[PDB]
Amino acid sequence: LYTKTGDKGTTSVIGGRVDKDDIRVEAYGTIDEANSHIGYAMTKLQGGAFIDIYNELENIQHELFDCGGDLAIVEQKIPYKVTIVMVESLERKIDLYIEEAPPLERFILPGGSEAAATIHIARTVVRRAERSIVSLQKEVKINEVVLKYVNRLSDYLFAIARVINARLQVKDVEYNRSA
């Protein structure tokens, strides 16, 4: 598993090698970090009551993995994998879950059920990856669809976090000092 070729700080990317602190590798790594959190959250959504959300998450892990591949491409040796079609799929689901969840009355704070809490954490990591992608874009040309996808994904995560709390008979945690 270990080749030791990266022991000095450089690593391999599609079409070349770069320093491990290259913004391209930071973006790629944070996408991986975000994908890991979704993997954890998924171990809490295996029940029948969450088949819909769980299957979508499995697919999202593949798409997130594809985002990584699209970003770690110094020399375009292959077309991009992430397409606008995948963003629209996220959009259709977000509309469905916003309809399912109760009306949003107050500002939401991350937390509630264990499952929703983990999804809330994954959401913040996805947002941190988005900032890295924005930085990357400032230096090199990127698959702009990846930025739209990661941007839309945190909204999807926000949507299901609320649906998850609702299904589990737990109210969302709200910003409310009158409570």
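Numbers follow the displayed sequence, beginning with 1.
In this entry, 134-142 shows the higher mean Cα temperature factor of the pair 134-142 and 111-119. With 82-90 and 69-77 compared on mean CA B-factor from the PDB entry, the stretch scoring higher is 69-77. In this PDB entry, the Cα temperature factor of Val13 sits in the top third of its chain's modelled residues, the highest group. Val170: CA B factor lies in the highest third for its chain, per the PDB record.
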